[PDB]
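Let me begin by presenting the structure, written as structure tokens, before commenting on it.
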Amino acid sequence: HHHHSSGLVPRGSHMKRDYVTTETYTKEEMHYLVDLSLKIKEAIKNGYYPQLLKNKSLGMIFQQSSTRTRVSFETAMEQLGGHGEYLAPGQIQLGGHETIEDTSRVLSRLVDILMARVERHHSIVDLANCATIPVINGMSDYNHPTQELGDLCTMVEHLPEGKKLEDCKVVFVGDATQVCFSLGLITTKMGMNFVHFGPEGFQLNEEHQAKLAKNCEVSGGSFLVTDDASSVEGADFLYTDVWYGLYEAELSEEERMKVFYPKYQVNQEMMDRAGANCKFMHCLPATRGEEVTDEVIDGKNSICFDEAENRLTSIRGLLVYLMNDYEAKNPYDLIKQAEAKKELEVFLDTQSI
Amino acid sequence: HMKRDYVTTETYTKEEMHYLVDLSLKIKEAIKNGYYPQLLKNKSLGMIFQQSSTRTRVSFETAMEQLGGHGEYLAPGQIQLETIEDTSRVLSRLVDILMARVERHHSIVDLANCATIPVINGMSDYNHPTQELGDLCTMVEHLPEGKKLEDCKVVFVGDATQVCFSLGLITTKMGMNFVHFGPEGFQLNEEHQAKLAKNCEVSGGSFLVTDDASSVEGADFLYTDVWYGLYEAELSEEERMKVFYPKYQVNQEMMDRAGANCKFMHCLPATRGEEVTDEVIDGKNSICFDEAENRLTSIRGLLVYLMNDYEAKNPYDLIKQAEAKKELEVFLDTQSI
Amino acid sequence: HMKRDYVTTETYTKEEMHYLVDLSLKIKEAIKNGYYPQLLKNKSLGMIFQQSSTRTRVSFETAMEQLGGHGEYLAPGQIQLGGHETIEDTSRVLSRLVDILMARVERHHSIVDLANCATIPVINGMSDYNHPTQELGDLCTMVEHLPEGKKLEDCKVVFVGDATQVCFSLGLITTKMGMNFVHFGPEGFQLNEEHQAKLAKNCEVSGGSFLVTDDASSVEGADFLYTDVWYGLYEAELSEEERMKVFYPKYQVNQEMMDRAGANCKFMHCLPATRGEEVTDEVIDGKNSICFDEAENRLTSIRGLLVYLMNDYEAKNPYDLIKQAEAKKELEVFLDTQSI
């Protein structure tokens, strides 16, 4: 161990940068990312595939399979001229008998950048701390930062009418999942008005609100209540996730229904209560009938699928940022490069067995 | 809608299939000779398997690489086929084209119907259309002597597997002479022959019998698959032998009975000793491995077609594209954090 | 004979290995500095694992990408090497679907069966017998680390512990290069006479050496100290405190052991390492540890190995530039003029 302290963020490096949570990024930095991500989107949307990552190898570590997340990366890489390497849940070990210190050190010699969908957050940062190459947090038990950004992009693309974002209201209904926390962590970052409404039992905790509070002391934001049918009012965006528990204390079936199926379900009535043109968001996958009725999710005001596409939109740009940044800081000697190339040419042109 | 799928060859005309064979083969000849046509640069294909299939996987994964693309493998469990409506809708935003080796055919078409991107049927419980085409290419490459195809005889021996049905579905499409011979219990059913019949009412084809050692005669191509059942009533070891090991096994005698230069075909994998003896499959008249290579030959071209087709219909604004590119350049050249 | 495989370094001469090291390293330096030699454009490599191995998988998968190619992963179950479909069959059809083949096989016999029946080059990811793609990664590593007017042919490489295939391979390659090899290890776990027979044969050609049992003396004057793990043969995977029983007297690489060897004896481990067992942390994380460079070189070497085998395959099987040119025009015209 470092014998220090370290909780939830990684030690920074002077020569590389990670993406473990948005707590390490400023409002302006996130703005940069959204613009970059979106400029790239518009290029690819129109047939130009920016080869910003030619020949670069990304290692993907999953401890819990996630198709949406996997294909998003695997694809983002291809479009930009690179490759995504899938180390299936078992394929890897991460902490199986070989210390993360070891795994991190050797992975740094074999790929150009790292992403990991880890079970316990602690180990995603352990990885970010011990690797010499950029590390991205696919999602932990704590937050989902690659989603915070996908959703930021989505909201930007959908402001309706001279609301400037800083004055939009984003409301999250249901369980305090990491998706939930992340949404608050990002909206407050951007100086918006956030609110998590949800059952006395399943609200974001004081230790979490502590972080949200800190955010607004800097941006001009806000948060929270418990009494539904009132905090949804005037919402510009209504966001929900699923009711299952914590992939360990989960699936009580009719027990989920017990706690949430009074209110907490996003139906047309709930939608209307919020606003005439309140757009609906869901990180998917959605159990239709539970946290949201079909008429809403398949409705004219649903953007959950644009949002879905934007999961890629944002990882596309996030990869570019981290790599570009890594190259400054670690820039190639154009001379050494030129010689290395000639040396190789000559060898190939002249030697054989 | 503005796109096209490949779920069964029932939706394709003889001429369209001809196109495909030609395209597939022209591409084959280029790659055979060191030119790799980058027709799919940067395009992402999502591969959904519900039953692992290495031959089918590596075929696609490879086809994509050669054409400048990538194949993404969603392992049997990795995926899910969340209502298909949802899965289809969001997959359409993350890849350029889709292929799926599905257990129940119904769901492969549900996918094709709900996706906005082209969908390809890796193989269902019903048919195997990406094999119909691989095999067409193979037969074309092997006509011997002023037979023009439309007048070749293709004979399938054994169980009425989807491979079997597909073979009939394609040979009749092209106006050839098809025949499935096989045990009273395991012949293509009337609902299936109905389809075959319909094909010939348009092409000039033919089909079927039960009595072996006679329908093989004059065959130009002798084709078989394996005797196991339907991956669920995965038939009995010595019970398979019970029904098929009288005749129904392709041995030299059976081969000779068919024709002097009747070529042998098998979609593989082959249980040697059962549906075919080694002297046949490893024989001078076996093309089962060219056929194998052609599994790729055809998906190579199939992918190109669907994509090209998708681009017409959904063509890029060269202007919007040019600006989008400049915009990006400027941003990268001037902005940082 | 119109293609070449890489199953063991017993088929390669010292000079050939030298070629490989040079090629591998020239490529390394190019990539190290931002030039990605596209020597394998559009080429497809099929990777067959029967026992998952992330380090080996991502090494290949990556090597291919850098060189303009692709690595296809046939997971342990995905494939079947000898599953109801004879290797003869599997080999024949794999040869029509990829450009080159690698396989981490359980039983060596089947890796060679594959090499024999495939028409495309075959690489041995690692069998129960040897680990040839590691022999080369480690050769590169030692070259990059000679300290001081020792020329390699006169370096001493010492392997401590169990006679694993990694062990055998190390001796197989160091003797190949005319170096001084030694495996020290417990009376029960030394390289056998059938194996030393091969090592001997190597030195009758290169000027090498090998072996003892008494530790704290054969380590002396070592330029490289190398170890692997104490588990058994992925089947008699030993015993927890039974491994310790046999090896935890000596046979553990600690600073004392390191010092005993030499002032600047560099430490090597093919990884993964069970820290505390075959090596203490102060050693593996020490100033004289190169085990991580060595790790990077696993790729450094497969990078070049793939290039050699493919280049070699193209000589021998060269494209008709004319046929190629026409094929291309034919295709263009078809695409420019035909539709449905």
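Numbers and lists here come from the model and the stated rules, or from a named source; no laboratory instrument gave them. Note that we place each Cβ from the backbone using ideal geometry, even for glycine, and neighbour counts take in every protein chain shown.
Descriptive notes on the structure:
- Being under 30 Å from C:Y36 (Cα atoms) and within 11 Å of chain B (Cβ to nearest Cβ) is a description that applies to C:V98.
- Scanning segment A:267-300 for residues that are farther than 24 Å from A:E161 by Cα and in contact with a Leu (Cβ under 9 Å, 6 or more places away or on another chain) yields a single hit, A:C283.
- Taking each residue of segment A:120-132 that is over 15 Å from A:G12 (Cβ atoms) and looking for partners that are part of a helix (DSSP H, G or I) and of a type outside the set (D, E, K, R) with beta-carbon atoms closer than 9 Å, six or more apart or interchain, yields A:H121/A:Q178; A:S123/A:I100.
- Residue within segment A:260-273 that is more than 28 Å from A:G299 (Cα to Cα) and not hydroxyl-bearing (S, T, Y) present: no
- Residues that are facing another protein chain (nearest Cβ under 9 Å), of a type in the set (A, V, I, L, M, F, W, C) and surrounded by 20 or more Cβ atoms within 10 Å (Cβ to Cβ) within segment C:292-309 comprise C:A295, C:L299, C:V307, listed in sequence order.
- Residue within segment C:296-304 that is on the phi < 0 side of the Ramachandran plot, assigned to a helix (DSSP H, G or I) and among the aliphatic types (A, V, I, L, M) present: yes
- Some residue of segment C:76-88 being touching a strand residue (DSSP E or B) at 6+ places or on another chain (Cβ under 6 Å) and either surrounded by 21 or more Cβ atoms within 10 Å (Cβ to Cβ) or of a type in the set (A, V, I, L, M) (or both): yes
- Among the candidates C:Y251, C:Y226, C:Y234, residue that is of a type in the set (F, W, Y) and loosely packed, with under 14 Cβ neighbours inside 10 Å: C:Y234
- Residue within segment B:283-290 that is away from every other protein chain (no Cβ under 14 Å), part of a helix (DSSP H, G or I), surrounded by fewer than 16 Cβ atoms within 10 Å (Cβ to Cβ) and charged (D, E, K, R) present: no
- Every pair of residues 6+ apart whose Cβ atoms lie under 8 Å, when the first sits in segment C:314-340 and is under 17 Å from B:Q38 (Cβ atoms) and at the interface with chain B (Cβ under 7 Å from one of its Cβ atoms) while the second is assigned to a loop (DSSP other than H, G, I, E, B) and of a type in the set (F, W, Y): C:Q324/B:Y35; C:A327/B:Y35; C:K328/B:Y35; C:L331/B:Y35
- The selection criterion, being part of a loop (DSSP other than H, G, I, E, B), under 20 Å from the mean Cα position of the chain (by Cα), buried (at least 21 other Cβ atoms within 10 Å of the Cβ) and within 14 Å of chain C (Cβ to nearest Cβ), does not hold for A:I92.
- Here A:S104 meets the list (1) farther than 30 Å from C:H269 by Cα; (2) in a helix (DSSP H, G or I); (3) polar (S, T, N, Q) almost entirely, failing just condition (1).
- Residue within segment B:50-69 that is within 14 Å of chain C (Cβ to nearest Cβ), closer than 25 Å to C:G68 by Cα, assigned to a loop (DSSP other than H, G, I, E, B) and in contact with a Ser or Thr (Cβ under 9 Å, 6 or more places away or on another chain) present: yes
- Long-range neighbours under 8 Å by Cβ, at least six apart or interchain, first residue part of a loop (DSSP other than H, G, I, E, B) within segment B:174-198, second of a type in the set (F, W, Y): B:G182/B:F156; B:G182/B:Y248; B:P183/B:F244; B:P183/B:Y248; B:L188/B:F165
- Selection from segment A:14-29 of residues that are closer than 15 Å to A:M139 by Cα and surrounded by fewer than 16 Cβ atoms within 10 Å (Cβ to Cβ): A:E23
- Among residues of segment C:216-275 being touching a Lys or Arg at 6+ places or on another chain (Cβ under 6 Å) and under 15 Å from C:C291 (Cα atoms), the one that is nearest to the other protein chains (Cβ to nearest Cβ) is C:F224.
- The residue list A:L312, A:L319, A:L334 contains one member that is more than 21 Å from A:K263 (Cα to Cα), among the aliphatic types (A, V, I, L, M) and surrounded by fewer than 19 Cβ atoms within 10 Å (Cβ to Cβ), which is A:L334.
- Selection status of C:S206, among the polar types (S, T, N, Q), within 24 Å of C:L305 (Cβ to Cβ) and surrounded by fewer than 19 Cβ atoms within 10 Å (Cβ to Cβ): yes
- The condition (being out of contact with any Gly (no Cβ under 7 Å at 6 or more places or on another chain), assigned to a helix (DSSP H, G or I), of a type in the set (A, V, I, L, M, F, W, C) and within 7 Å of another protein chain (Cβ to nearest Cβ)) is satisfied by just one residue among A:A43, A:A76: A:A43.
- All positions within segment B:185-230 that are small (G, A, S) and under 20 Å from B:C152 (Cα atoms): B:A197, B:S203, B:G204, B:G205, B:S206, B:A213, B:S214, B:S215, B:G218, B:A219
- B:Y6 being under 30 Å from A:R70 (Cα atoms), at the interface with another protein chain (Cβ under 10 Å from one of its Cβ atoms) and out of contact with any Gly (no Cβ under 7 Å at 6 or more places or on another chain): no
- Consider segment B:287-337 and keep the residues that are out of contact with any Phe, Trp or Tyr (no Cβ under 7 Å at 6 or more places or on another chain) and of a type in the set (K, R). The one that is nearest to B:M64 (Cα to Cα) is B:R300.
- Every condition in (1) polar (S, T, N, Q); (2) surrounded by fewer than 18 Cβ atoms within 10 Å (Cβ to Cβ); (3) not in a loop (DSSP other than H, G, I, E, B) is met by C:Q38 except one, and the failing one is (3).
- Leading residue by the ranking (surrounded by the most Cβ atoms within 10 Å (Cβ to Cβ)) among those in segment C:254-274 that are assigned to a loop (DSSP other than H, G, I, E, B) and in contact with a strand residue (DSSP E or B) (Cβ under 9 Å, 6 or more places away or on another chain): C:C270
- Taking the criterion of being over 30 Å from C:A75 (Cα atoms) and in a helix (DSSP H, G or I), the residues of segment C:1-22 that qualify are C:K14, C:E15, C:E16, C:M17, C:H18, C:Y19, C:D22.
- Annotation note: of B:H180, B:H192, the sole residue that is under 27 Å from B:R101 (Cα atoms), surrounded by fewer than 23 Cβ atoms within 10 Å (Cβ to Cβ) and outside the structural domain of B:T9 (by CATH) is B:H192.
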